[PDB]
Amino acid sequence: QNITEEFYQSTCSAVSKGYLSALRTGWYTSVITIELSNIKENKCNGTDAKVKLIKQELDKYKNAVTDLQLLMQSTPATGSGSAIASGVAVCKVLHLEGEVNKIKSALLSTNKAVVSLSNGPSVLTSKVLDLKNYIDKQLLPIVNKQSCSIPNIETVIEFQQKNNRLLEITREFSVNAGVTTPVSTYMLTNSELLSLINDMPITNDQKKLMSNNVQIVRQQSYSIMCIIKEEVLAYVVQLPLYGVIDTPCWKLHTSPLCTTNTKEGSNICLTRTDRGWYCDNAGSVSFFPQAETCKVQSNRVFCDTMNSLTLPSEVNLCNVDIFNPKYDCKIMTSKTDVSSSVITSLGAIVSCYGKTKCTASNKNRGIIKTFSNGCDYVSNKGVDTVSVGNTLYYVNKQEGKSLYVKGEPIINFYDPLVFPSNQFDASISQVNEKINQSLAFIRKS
């Protein structure tokens, strides 16, 4: 895939093109079970050091079970649960009489199995750990007699290893109120995640997509605690379904565009708004304003449509003609001429004002470009760093072509006296209407 960039000198903005999308649009919920042992404390006259170690690890198991019990009594309403609703609906089904018994029956002979619930949905269940078999077969003959039988040291170690995953899951669920994200390897192993991806009702190319970006899949997944009941600990893992694939995505970068007059206080500034990620989606454009809502791998963007706005496709015309009537291209105005830089995908935008020392250097050649007052841009081809004031930015060394689109900075088309200088989220046409109304008070005079 070819990554390209376009800096528009007229609007002090740059667009990084050539990225492919992966937008989350659905959820695939799955039930994860850990078969537990319903045991009560048993006392046999014991003093052997091995017996002591076993009883110690067994108390750590019983506290973990009671901790999971007090965790499942309190079921969280933290937030709008608008992104976990899919799994919360499964937990409400699991609380029905006979349903934990149902999953207990389907996973009686195999580890994984599809189960048709009574509410309806066809969930895929897994048995990832079997403590009921281990405690009842290897541990009860040790503690459930008049006098304790003596266990071998291999057993002490094997029980600390098996019980460890239960303890770590109780630790995470206790500090996070039953909802964890990302989903850790304790909640779901890479082997278990990959087998769960392979068993999903998705296309073969989409299974390849999730398997090559398992870390992004974990960051976009949730683990919700359901119930501990009748020797079963169940929790739902909610994995992302990417309904939008291989669509064009671009990233808009904006920087303040001011005039460069020599008398401070006589300068006016304009900045394009809505910087961030844009992706073509179902005849429209899905816009992502928060910076942390999109993880990028290679040329592919992984966004959650949960935190997007839906805009008309004409919003891209702000990149080719900011003055085009098909779309009201919004700006913000000020008189705050502070220098800054934006590291883009293939270069750097620099807004230099005042006495600020703006420059672009190569590690071995030194300063190769000095920016003047105004908004400018430099490609990463031959540039390693950019210094603005006392701050040094590193340029991304990604391969791609940059295009410098020359044009008059549009801030020069504005008369300063009638400029609206405190506008946040203003349209180009809105600013023009405030200027036409301010021109009428002068028309009479």
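Numbering starts at 1 and runs along the sequence shown.
Set 15-23 against 426-434 and average the Cα temperature factors; 426-434 ends up higher.
In this entry, 66-74 has the higher mean Cα B-factor, the comparison being between 25-33 and 66-74. In this structure the maximum Cα B-factor among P256, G87, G79, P312 is found at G79. Per the deposited record, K40 carries the highest C-alpha B-factor of all listed residues (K406, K40, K381, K55). Annotation for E158: C-alpha temperature factor in the middle third relative to the rest of the modelled chain, per the entry. Sort the modelled residues of the chain by CA B factor and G389 lands in the lowest third.
Annotation for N316: CA B-factor lies in the lowest third of the chain's modelled residues.
Looking at the C-alpha B-factors along this chain, the one for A360 belongs to the lowest third.
In the deposited entry, the Cα temperature factor of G374 places it in the lowest third of its chain's modelled residues.
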